[PDB]
Ligand SMILES: Nc1ncnc2c1ncn2[C@@H]1O[C@H](COP(=O)(O)OP(=O)(O)O)[C@@H](O)[C@H]1O
Ligand SMILES: [Mg+2]
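In the deposited numbering, the protein residues as written are 2 to 31, 69 to 88, 96 to 175, 195 to 252.
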């Protein structure tokens, strides 16, 4: 199974993804294999998110290529894959949907975020606190433009459903309730 995490920059994707992993770890042991992938695990710097000429520096399109390959190598009916990345484009989320389809395994989307304001605050504290890291800040130019071009998951579309969301204020049990529906979704 594939679980597409999605959210704004510094919206809590990695934090929620860890919780999901720990949850899925207890549930598998109470079978499946558990995989975790992120920009950091693939050494994809956040600066990729900033035409007629071929360049040597990796593009955002190459980042999606890297992510796509990492998932295909492990994703399968017996392999649960957590993709912790912005995953902010409907088309990209549609590619991942078709990827899980080709792996003959269910897919879902898990949106995270405490808000544009609480997310902006985080990136400032991480900019203040000064590269394959989970706490490396974005440049304020790259951060703002990323939020502007974020595409909200649409449960009306089959590739953004089943959709699940987790606000920051959602406590350990409301988060735990979502995780159970994720589990039931990626089963029979
Ligand atoms: N429910 C949450 N509640 C409180 N703080 C959070 C929450 N989610 C994320 N954070 C905090 O905000 C910062 C960003 O979290 P992180 O998961 O690393 O964002 P990103 O999705 O960009 O990787 C972290 O310091 C983290 O502790
Ligand atoms: Mg992350």
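Note that the Cβ used here is the ideal one computed from N, Cα and C, for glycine as well.
Query: Reduced DSSP category for residue 100 - H, G, I as helix; E, B as strand; rest coil; Result: coil
Query: Residues that DSSP places opposite residue 71 in a beta bridge; Result: 124
Query: Supposed contact pair residue 230 and residue 239 - C-beta distance, whole angstroms, cut 8 angstroms; Result: 6 angstroms
Query: Separation of residue 9 from residue 99, as counted between CA atoms; Result: 29 angstroms
Query: heavy atom of ligand 2 below 8 angstroms from residue 239 C-beta; Result: no
Query: Candidates 132, 14, 116, 6, of which the one nearest residue 199 by Cα; Result: 14
Query: Proximity test, residue 150 beta-carbon vs ligand 2 heavy atom, cut-off 8 angstroms; Result: no
Query: Euclidean distance between Cα positions of residue 21 and residue 72; Result: 11 angstroms
Query: Residues that residue 7 bridges to, as DSSP identifies them; Result: 156
Query: Those residues which DSSP pairs with residue 212 across a bridge; Result: According to DSSP, residue 212 bridges with nothing at all.
Query: Bounding residues of the beta strand (DSSP E) (the contiguous stretch that carries residue 229); Result: 227 to 230
Query: Beta-bridge partners of residue 129, as assigned by DSSP; Result: 76
Query: Burial state of residue 153, where buried means 16 or more other Cβ atoms lie within 10 Å; Result: buried
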